[PDB]
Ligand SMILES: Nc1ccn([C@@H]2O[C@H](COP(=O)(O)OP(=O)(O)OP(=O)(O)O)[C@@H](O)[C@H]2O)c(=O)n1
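Next up: just one chain, as C-alpha cells, the form deposited without this ligand.
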C-alpha cells in the first residue's frame, strides 16, 4: 500500500497574500509543513500542489517536489484529483499548507486507520472542544457513531444542547486521507444542498453515501489566517526550538 502526502498551496489569499511564503523562524510557512510531512512514517513521497510559479520556485529552492495545477480549481479536493492522475498512490493524504504546527504523529494515526481497514474510503481528524468554542460558525463540528464514522458535519452547534451538561463537542481538523478510487470517481459527484448551504465540501461525499471515519487527536496547534494567530505561531514555534536543544 503506497501512500503519498499532497500539500495544496495557492499564493492568492485575501487577508494574507503569499500566505505559504510568510516567514516563520527563518523559513517560509510552506517549508515547515513540508519538513513535518517528511517525518511521517510510511509515506513514500511528499508533494506540493500549486497554481502559482512563485510558490513552485520557493518549494524547489529548498529541494521540495512541486507540481503545477490549474488555477481554475474551485477546491483543494479538485486540485488533488488532478494530482492523483499524475502521481500514483493507493492512499493520498491532503495536508493544509497553512498549518505549520501539524504533528507528524497525528498524520500517522490517520494513515494507520486507513491501513487497518481496507474498506474505509476516507478518514479525517477531530479533537474535543468546549461548548463556547463550538458556538462559532467558523468552527466545524462533527458528530460520530460508535465506529467513529461521521454522522454529519456542521457550522451549527451539534449536538444541540438540550441537556447542556451531557453535550460533548468535537471540532473537525481539515486533514484528509482518501483511497485512490474515491478521487477517481469524485468529479462525477453532484454538489449537495447541505454542502452548498453550509459551504462545507466534505458534505458532497456524505451525500453520495461515502463513509468518512473520524479519528480523535489532542487539541491541535493554532493555524494561520489572522496576523494575531501568526504572531502566536511564531512565538510558539520559537518556544519549540529552544525546548528541543
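Positions refer to the first chain, counted from 1.
What comes next is about the form solved in complex with this ligand, which does not appear here.
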> Is it open or blocked here: this ligand placed from its pose in the bound PDB entry by C-alpha superposition, 2.4 Å cut-off to backbone or C-beta atoms, 3 or more ligand atoms needed to block?
Replying inline: open
> Which one, 88, 117, 74, 149, lies within 4.5 Å of this ligand in the bound PDB entry by heavy atoms?
Replying inline: 74
>> Given that this ligand is not shown alongside this chain, does residue 12 nevertheless sit within 4.5 Å of it in the bound PDB entry, heavy atom to heavy atom?
In response: yes
> If you check in the bound PDB entry, is residue 112 within 4.5 Å of this ligand, heavy atoms only?
Replying inline: no
> Quick one: is residue 121 in contact with this ligand in the bound PDB entry, heavy atoms, 4.5 Å cut-off?
Replying inline: no
> Which residues, if any, of 169 to 207 lie within 4.5 Å of this ligand in the bound PDB entry when only heavy atoms count?
Replying inline: none
